[PDB]
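Colleague: Quick one: structure below, then a few questions.
Nothing in this text is a laboratory measurement; each read-out follows from the coordinates by a stated rule. Methodologically, a virtual Cβ is constructed for each residue, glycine included, from the backbone with ideal geometry; neighbour enumeration extends over all protein chains shown.
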Amino acid sequence: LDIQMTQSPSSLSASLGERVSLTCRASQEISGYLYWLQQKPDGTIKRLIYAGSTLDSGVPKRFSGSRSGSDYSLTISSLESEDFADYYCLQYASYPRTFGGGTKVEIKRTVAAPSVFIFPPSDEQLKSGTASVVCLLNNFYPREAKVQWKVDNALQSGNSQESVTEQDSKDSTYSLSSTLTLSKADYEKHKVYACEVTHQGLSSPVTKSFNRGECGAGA
Amino acid sequence: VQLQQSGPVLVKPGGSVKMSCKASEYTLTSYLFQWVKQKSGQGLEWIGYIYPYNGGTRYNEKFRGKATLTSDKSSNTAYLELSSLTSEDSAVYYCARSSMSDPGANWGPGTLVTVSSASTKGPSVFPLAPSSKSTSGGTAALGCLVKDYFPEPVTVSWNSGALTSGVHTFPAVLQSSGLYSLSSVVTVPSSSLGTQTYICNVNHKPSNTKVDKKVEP
Ligand SMILES: CC(=O)Nc1ccc(CP(=O)([O-])O[C@@H](C)c2ccccc2)cc1
């Protein structure tokens, strides 16, 4: 019935400059009617290959498509940071059109310690009744990172959420935000807000903090 | 070069939604429009095609006939209507224009559909002011906290698109309140803080909210 497209590997982490190949096997004969697409973190999808080996005119030469019987491959001759993305093959020999499960292509790079920044809540937000304290871990690698919050030296729990970006297209690093949310009352009753960051790139935890009294600067 | 797709929409479960896709220029050549579905963080699923030329259509049986594709040959616009919506229909829907000789040549940006009973809510935009607490060396980080909005998405640009380098707009986080929040930050030269203005341009189409917040040190 429907043609199943088995894409492998599901995740492929590779060093910069490495030759990498993604594979898609069709459960049926697709006679070279295989399509490859790239989807960047922002959701943008672009055609890479069609007819199994025909390269889209707007795609760099490092990309190539090949067929080995029932096995179809997408190869990147030398991995570049901007190749970080999700890749999918797509059979169009018959209907329904079916896609491979995709491959998340991750970039291995050197360790990079994060730059840590802290932001006190804006007075504008305070007038609202809630206070958001933002801690930023910028451009680090690997992704593994620990962020803890301390308010007047007391470790916080359950009142923070973090978000992490996908690897940067230019330097393959990650950035992470940790947001501490408190009521205005609670924010005003405490003084020292500290963000403690632990990361492989740091020999010892990095603590960035501010005194609400000093505003969030040097008053 | 991409196609044009209708904006993000919030629709209630049990309702229906109709989105559009059309080529930018009036390029009136007989093309085929392929529609693809993608749930947040998941893979791609073919929905069906509409061939405006002869009205030909074909649907992935997995949609159980809930998807209907139509087109306006006059405007070369293709429409995908999804009925009896449920949360499973919350996803980004893409259209691709193609032909036998030029398969999946162009892709649209996708239309984000959120099926929910919750009402839309525009975000509040707060500055993440640069200070000695966000300055390392000659680099200062600043940003905007786009808080309490629903549904996704919000778009954030800096200085009307003039500032793209060093910008990190984080994935939205669903708060316990059921509202989303995200921060967009950017690192800039600390020496520019006194001369260069930094404004985050936030737009939340579902609530028809457009806010330009200047971030001061
Ligand atoms: C008669 C006629 O119009 N035939 C015809 C038209 C188009 C195509 C190419 P196609 O639309 O099947 O190409 C594939 C790769 C595709 C599937 C789903 C989304 C995007 C792209 C193949 C055949």
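Colleague: Rg/Rh for the stretch B:1-117: what does it come to with C-alpha atoms and Rh from Kirkwood?
Modeller: Checking Rg against Rh, the ratio lands at 0.95.
Colleague: Another question, if that's okay. How do B:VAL1, A:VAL133 rank when sorted from fewest to most other Cβ atoms within 10 Å of their own Cβ?
Modeller: B:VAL1, A:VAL133
Colleague: Just check the stretch A:63-130 against the gyration tensor rule for me: Cα atoms, a ≥ b ≥ c as the square roots of the eigenvalues, rounded for a/c under 1.5, and otherwise prolate or oblate depending on whether a/b exceeds b/c.
Modeller: The shape class here is oblate.
Colleague: With the Cα gyration tensor of the protein assembly as shown giving a ≥ b ≥ c as the square roots of its eigenvalues, does the rule (a/c under 1.5 for rounded; else a/b larger than b/c for prolate; else oblate) give rounded, prolate or oblate?
Modeller: prolate
Colleague: Pick out, from B:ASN60, B:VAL1, B:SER83, the residue whose Cα sits farthest towards the positive end of the charge dipole of the stretch B:1-117, with +1 on the Cβ of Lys and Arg and -1 on the Cβ of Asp and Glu.
Modeller: B:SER83
Colleague: Please report, in whole Å³, the volume per residue of the convex hull around the C-alpha atoms of chain A.
Modeller: 163 Å³
Colleague: Another question about this same structure. Would you list which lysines come within 21 Å of A:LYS108, measuring only between C-alpha atoms, while excluding same-chain residues fewer than 8 positions from it?
Modeller: Qualifying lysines at Cα under 21 Å: A:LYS40, A:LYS146, A:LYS170.
Colleague: Past 23 Å, Cα to Cα: identify those pairs from B:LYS147/B:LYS213; B:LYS39/B:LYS66; A:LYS46/B:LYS205, in the order given.
Modeller: Long pairs (Cα-Cα over 23 Å): A:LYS46/B:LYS205.
Colleague: Give the residue from B:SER16, A:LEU126, A:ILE3 lying farthest towards the positive end of the charge dipole for the protein assembly as shown; charges sit on Cβ (+1 for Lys and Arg, -1 for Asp and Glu) and the dipole is referred to the Cα centre.
Modeller: B:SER16
Colleague: Checking the cross-link filter: which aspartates and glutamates have an alpha carbon closer than 14 Å to that of A:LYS208, excluding same-chain neighbours under 8 positions apart?
Modeller: Correct list for A:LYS208: A:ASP152, A:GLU196.
Colleague: Continuing with this model, one more query. Average partner chain C-beta neighbours within 10 Å, per residue of B:44-53?
Modeller: 3
Colleague: Follow-up question, since we're still on this one. In bins 5 Å wide, starting from 0, what share of all Cα pairs of chain B does each bin hold, as a percent?
Modeller: Each 5 Å bin holds this share of Cα pairs: 1, 7, 13, 15, 14, 13, 11, 10, 7, 4, 3, 1, 0.
Colleague: Towards the positive end of the charge dipole of chain A, with charges on Cβ (+1 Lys, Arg; -1 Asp, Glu), say which of A:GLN200, A:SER70, A:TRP36 has the farthest Cα.
Modeller: After comparing all options, I get A:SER70.
Colleague: Find out how many positive minus negative residues lie around A:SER209, taking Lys and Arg as positive, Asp and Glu as negative, among other residues whose Cβ is under 14 Å from that of A:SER209.
Modeller: Local net charge: +2.
Colleague: Also, I was wondering about something else. Determine the shape class of the stretch B:88-217: with a ≥ b ≥ c the square roots of the Cα gyration tensor eigenvalues, call it rounded for a/c under 1.5, and otherwise prolate if a/b is greater than b/c, oblate otherwise.
Modeller: Oblate shape, in that a/c is at least 1.5 and b/c is the bigger or equal ratio.
Colleague: Taking neighbour counts of Cβ atoms within 10 Å as a proxy for exposure, in what order, fewest first, do A:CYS215, A:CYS195, B:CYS21 appear?
Modeller: Starting with the residue having the fewest Cβ neighbours, the order is A:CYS215, A:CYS195, B:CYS21.
Colleague: Report, as an integer, the average count of C-beta atoms from other chains found within 10 Å of each Cβ along B:26-39.
Modeller: Mean partner shielding for this stretch: 1.
Colleague: Hey, another quick one. With Cβ to Cβ distances under 13 Å as the rule, what net charge do the other residues near A:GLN156 carry (K, R +1; D, E -1)?
Modeller: Spelling it out: positives minus negatives among the neighbours equals -3.
Colleague: As a test of understanding, state the convex hull volume per residue of the stretch A:128-219 from its alpha carbons, in Å³.
Modeller: Given the Cα convex hull of the stretch A:128-219, per-residue volume reads 121 Å³.
Colleague: For the protein assembly as shown, with only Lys/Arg (+1) and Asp/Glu (-1) charged at the beta-carbon, what is the dipole magnitude about the Cα centre, in debye rounded to 20?
Modeller: That gives the protein assembly as shown a dipole magnitude of about 360 debye.
Colleague: May I pose another question? Under the rule of at least 5 residues apart or a separate chain, name every residue whose amide H is placed under 5 Å from the amide H of A:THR207.
Modeller: Amide H neighbours of A:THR207, under 5 Å, 5+ apart: A:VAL197.
Colleague: Further question on the same structure: How crowded by other chains is A:117-128, given as the mean number of beta carbons from other chains within 10 Å of each beta carbon?
Modeller: Partner-chain Cβ atoms within 10 Å, mean over residues of A:117-128: 6.
Colleague: Could you work out how far apart the two model spin labels at A:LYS146 and A:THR75 are, taking each label as a point 7 Å from the Cα in the direction of the beta carbon, and quote it in nm?
Modeller: 4.4 nm
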